[PDB]
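A.B. asks: no FASTA, just this:
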Ligand SMILES: [Zn+2]
Ligand SMILES: [Zn+2]
């Protein structure tokens, strides 16, 4: 009748209680009832399926309360300090014209409301009209360790190809795909701002993920294995540097 | 010294299935006047759909600051796609879903 | 609850490979003006492309899901109003037999 | 109204056409030239290379014992070729970029004079963009003009 | 007793008919809410009031 | 053979589940039995194996928990984790 | 209330109409902007009736808006007293016209002495938010209770 | 017959055929077994390669990589 | 409100006042593309929004098992087989007026007896 | 619950328990009753936790 399903350490029967956490790689939208200038927040915790355990999270913010005009949209980027508008990021992804931007965000030409709320972002996107000036803009905005501009434009492009949206993939050339996904997130944010969809519920049990011994021992054995490799290499460098056997 | 050879050549772009494409890594196309097929060598015949009729702003070039030898081939004439004893191909497609590790 | 279990996670690669064989257009070739009524396909939150026939494709994936080819732990949802089709094969989900 | 626990005894007591051939070009021409694709991003339907005028030019623009990380092959060869090409005259500008995803399976059916066709496997595919239509910019002038 | 059980069944049944009638009048957009609340709030107050009245 | 299927909480949003099989599937009373719902819904895609399975391990020991209030089921579910008994034979 | 005016509903309706906050946005169904260069003549064929009446150097740009008659009832208002409020708000820089209560469509039009559209849009925000038609601040939903 | 509809009590049999297969605590055993089977090889193979860069004045290098892990 | 885009530039056409002929125009500030005006309307706010209540209506709406079924006949084809659902516009002041969707001609006829 | 239809405003589907403790309860009613019980326990716990601080 012994069901098993536990461990034995130092003669003690230890049990690993199932942990509970939230899921990732899902676009979420929430409201802000505080006097903050941000009205709706589009959070999305991006991470790979296996390895590294990514924590970077993308956020697309909608500024301006209801009633007031000039409600622009600005999304934050990792390693970049201040927030960057969505249209400028679209310029940095290779899409220069604005009709294509409105074609990626809103998928219905008959609807005039979303396109109407896109106007201020098309104005700031009119201020910066070039892809190279957008790459230099994100290069000058965040991460000042590049010093040189020629390395900060290519470094910013590598940020847009690697750190920007870790999921899907991290190779070069997938900027069109990420442009469509970004326009999808903006479509969900503005579509949630038009009172057509309720705030995303976090209490839905389907959006929750449990962790048994598998994931826990995966994180633990992963970190311990990394430390093991680092220590072994440390012994290698000590051996070749001190010149011994 | 880039030179456009002709560009007048008309080329058709094809999206092939993976086994025949990797096999190509000869047949006879039968144009039926708005439905065209393909009689491969023994083996199957394949209907190729007129994927995109008008296909402008698309061309084909080849290659023989660092300038290199560039040659222009021809214009793209029609966007196409090959469509498919099909039970064996369906079983092979069901059979590819059986990959495992040691 | 007495019949509740926790998923373990499978491999999404054979499913993504199987979708493109029935005409699943990639995402980079998408034009909303040439295909407005196309149903978006989502695999673990990743948008790989759309498809202009979600009925026959969904019936195929369901029939192949009931025969035992695809792991039953994978949960597939087809939101009609949202016009989406989410596919979840990640570990941690709690399911129950019915 | 009671739990039936005698199921062991109950179960024990109960049980016109036109055919044209295809051919594979010898691999010598495939070893001489690599076939790439062209796709424009200017919305204008026509835009041929004859209307692109001439001369058309497409050209590509102390420490002790330590540690290295690593990297693989094809990704490194694609990473070292980070110089995109451009086609111009002497003015229209077209600057292309890689597409990568549209590799997969792409076979070319080049039509010759006869009804037969010549199939060539596509190496890569690039998206050309018409650059510098309006002709304007600024850099620091736009960084100071955006601070108003 | 039996007759009391039938009187309870009819009591609840009458309240169910009332909630169905107010439900049809609300779906037909024939009921205007009072000042201070909306249509859904007044409808829920009427349904809850009828159910608590039948239970009491 | 395609006779039973697992369903999480995400797919549960897009299915219609029936409680009892022989009470809600076929199409059409003693006053001691409880009053149930009707079978006006036709598009039943799935059916519950048995409702008594929604309870946990501790609540399963409760006799007739339907006729008992919920907080008593919780208190009994808490006292069931400390009663004297025989855990194993070894 | 006062002991003299007790058990009276109309008096309480006057008190409620004297303290309950009301704004111009409350009565507004929609607004729209038009380019109409000639100050007097209007391209719009309907509003011509208004043009005929309310008339008998300025901005070519027109700001126009429509009110809910039900809002004009629930919150007792007069197109006249509204136009009075705006006129005594912006004073003379903004010319004003408003439709009659008899009109089955409530219309209000306004003009001014880069593009004029942006100026009008600013004035739109001021109109909706910063105008209170009647009632003292921070008072809502006055409920009659016996 | 064999094609007759089932009843409410019959469902209990199904539940039996469930607990005979899984067991009351099968999620921990399946998750742990899958961890031992695949997670070990995945963690070992995902970051096994480490190289030392040696300089001399002719360049030199060294490498250590982990392969198939073995459990006892 | 339903503005156009430039040619080649594809940028939005900001309104430009024509003081010479005194008429509205549509310009692109990047280039020199200015087209005439077919309407004096420029901006419409529309405060009280009533659209979006019937959102998300698809050709395959009749195959939804989660949706209910009614027996009321259509005013057009007179088909008693239809699927009804309330407004899709989610808001506090949204009425509970049903929306009937016939399963034959795909017509959307409501149940409001006051205003139709 | 996923056992009823969408846009259902009937009182039975919205939480009305027409059965009694003498004849048992249905699952869709026992679930809501469990929600009310857990809510009662949580509310009592919070009222006590704040009652102590107020007392001090
Ligand atoms: Zn332009
Ligand atoms: Zn009809």
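C.D. replies: That came through fine. Numbering: from 1, shown residues only, chains lettered A, B, ... in the order given. Ligands and ions are numbered 1, 2, ... in the order given.
A.B. asks: All the strands of chain C, in order from the start?
C.D. replies: Read by DSSP state E, chain C holds these strands, from start to end of the chain: C:5-6, C:25-26, C:39-43, C:46-51, C:75-79, C:84-88, C:94-97.
A.B. asks: The fourth one and chain A, any residue contact?
C.D. replies: Yes: on the criterion C-beta under 8 Å from any C-beta of the partner chain, strand C:46-51 is in touch with chain A at C:46, C:47. No exception for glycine: its C-beta is placed from N, CA and C like everyone else's.
A.B. asks: Quick one: closest of the strands of chain C to residue F:11.
C.D. replies: Distances from residue F:11 to each of those were compared using C-beta to C-beta; the shortest belongs to strand C:75-79, at 4.7 Å.
A.B. asks: Does anything pack onto the closest one? Which helices or strands?
C.D. replies: helix C:54-66, strand C:84-88 (3 or more C-beta pairs under 8 Å, 6 or more residues apart in numbering or on different chains; DSSP states H and E).
A.B. asks: Could you single out the most deeply buried of the ones you listed?
C.D. replies: Most buried of those by mean neighbour count (mean count of other C-beta atoms under 10 Å in any protein chain shown) is strand C:84-88; its value is a mean of 21.
A.B. asks: which bits of chain A sit near chain C?
C.D. replies: Residues of chain A lying near chain C by C-beta under 8 Å from any C-beta: A:18, A:21, A:23-27, A:49, A:103-104, A:107-109, A:167-168, A:176-177, A:180-181, A:184, A:205-206, A:208-212, A:214-215.
A.B. asks: please redo it, this time with the cut-off set to 7 Å
C.D. replies: Residues of chain A found near chain C, taking C-beta under 7 Å from any C-beta of the partner chain as the criterion, are A:25-26, A:103, A:107, A:167-168, A:176-177, A:180-181, A:184, A:205, A:209-212, A:214-215.
A.B. asks: In helices only, show me these.
C.D. replies: The members of the residues of chain A next to chain C that map onto helices under DSSP state H are A:103, A:176, A:177, A:180, A:181, A:184, A:214, A:215.
A.B. asks: For the helix ranked longest in chain E, buried residues please.
C.D. replies: The residue-count maximum for a helix in chain E (DSSP H) belongs to helix E:2-27. Taking 16 or more other C-beta atoms under 10 Å in any protein chain shown as the basis for neighbour counts, the residues of helix E:2-27 that come out buried are E:12, E:15, E:16, E:18, E:19, E:22, E:23, E:26, E:27.
A.B. asks: Let me see the contact set for residue A:159.
C.D. replies: When the contact criterion is C-beta atoms under 7 Å, 6 or more residues apart in numbering or on different chains, the partners of residue A:159 are residue A:79.
A.B. asks: how near is it to residue C:31?
C.D. replies: Taken as C-beta to C-beta, to the nearest Å, the spacing of residue A:159 relative to residue C:31 amounts to 28 Å.
A.B. asks: what does residue H:27 give?
C.D. replies: Relative to residue C:31, residue H:27 is positioned 45 Å away (criterion: C-beta to C-beta).
A.B. asks: of these two, who's got more company?
C.D. replies: Each of residue H:27 and residue C:31 had its neighbours counted (other C-beta atoms under 10 Å in any protein chain shown), and the higher figure belongs to residue H:27 (22 against 10).
A.B. asks: So which residues on chain C come close to chain J?
C.D. replies: Within chain C, no position is near chain J by C-beta under 7 Å from any C-beta.
A.B. asks: Tell me the residues of chain C that contact chain A?
C.D. replies: C:6, C:27-28, C:30, C:32, C:36, C:44-47, C:90-94.
A.B. asks: now with 10 Å?
C.D. replies: When proximity is defined as C-beta under 10 Å from any C-beta of the partner chain, chain C approaches chain A at C:6-9, C:11-12, C:26-33, C:35-36, C:38, C:40, C:42, C:44-50, C:75, C:77, C:81-83, C:86, C:88-95.
A.B. asks: follow-up on the earlier one: quick check: PyMOL command selecting the buried ones in the residues of chain A next to chain C.
C.D. replies: To isolate the buried ones among these in PyMOL, judged by 16+ other C-beta under 10 Å, type:
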select buried, chain A and resi 25+26+103+107+167+168+176+177+180+181+184+209+210+211+212+214+215
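A.B. asks: near chain H too, which of the residues of chain A next to chain C?
C.D. replies: Judged by C-beta under 10 Å from any C-beta, the overlap between the residues of chain A next to chain C and the neighbourhood of chain H comprises A:210, A:211, A:212, A:214, A:215.
A.B. asks: So which of the buried residues of helix E:2-27 is the closest to residue A:114?
C.D. replies: When the buried residues of helix E:2-27 are compared against residue A:114 (criterion: C-beta to C-beta), the nearest one is residue E:27, at 30.5 Å.
A.B. asks: and residue 40, helix, strand or coil?
C.D. replies: No chain specified, so I'll use chain A. Residue A:40 carries the three-state label strand when classified by DSSP: H, G, I helix; E, B strand; the rest coil.
A.B. asks: Chain J, not that one
C.D. replies: When the structure is split into helix, strand and coil by three-state DSSP, residue J:40 lands in helix.
A.B. asks: Apart from its chain neighbours, what residue comes closest to it?
C.D. replies: residue F:71 (6.6 Å; C-beta to C-beta, 6 or more residues apart in numbering or on different chains).
A.B. asks: who does the helix or strand hosting that neighbour touch, helix- and strand-wise?
C.D. replies: Under the criterion DSSP states H and E, the helix or strand holding residue F:71 is helix F:70-79. Counting by 3 or more C-beta pairs under 10 Å, 6 or more residues apart in numbering or on different chains; DSSP states H and E, the packing neighbours recorded for helix F:70-79 are helix F:57-60, helix J:27-55.
A.B. asks: quick one: contacts for the spatially most central residue of chain F?
C.D. replies: For chain F, the residue sitting closest to the mean C-alpha position, by C-alpha atoms, centre = their mean, is residue F:51 at 1.8 Å. Shown here is residue F:51, whose contacts under the criterion C-beta atoms under 10 Å, 6 or more residues apart in numbering or on different chains are F:19, F:20, F:66, J:26, J:27, J:28, J:30, J:31.
A.B. asks: Now it, what are its backbone angles?
C.D. replies: Its backbone dihedrals place residue F:51 at phi -70, psi -30, with angles given as degrees, to the nearest 10.
A.B. asks: Can I get the buried residues of helix E:2-27 in JSON lines including distance to ligand 2?
C.D. replies: As requested, the buried residues of helix E:2-27 are arranged in JSON lines below (distance: C-beta to the ion, whole Å):
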{"residue": "E:12", "distance to ligand 2": "38"}
{"residue": "E:15", "distance to ligand 2": "36"}
{"residue": "E:16", "distance to ligand 2": "31"}
{"residue": "E:18", "distance to ligand 2": "32"}
{"residue": "E:19", "distance to ligand 2": "30"}
{"residue": "E:22", "distance to ligand 2": "29"}
{"residue": "E:23", "distance to ligand 2": "24"}
{"residue": "E:26", "distance to ligand 2": "25"}
{"residue": "E:27", "distance to ligand 2": "19"}
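A.B. asks: Among these, which one lies nearest to chain D?
C.D. replies: residue E:12 (27.6 Å; C-beta to the nearest C-beta).
A.B. asks: What about the nearest residue to that closest one once chain neighbours are set aside? Give its phi and psi, please.
C.D. replies: Spatially, and ignoring its direct neighbours in sequence, residue E:12 is nearest to residue E:54 (5.2 Å; C-beta to C-beta, 6+ apart). When quoted as degrees, to the nearest 10, the phi and psi of residue E:54 stand at phi -70, psi -40.
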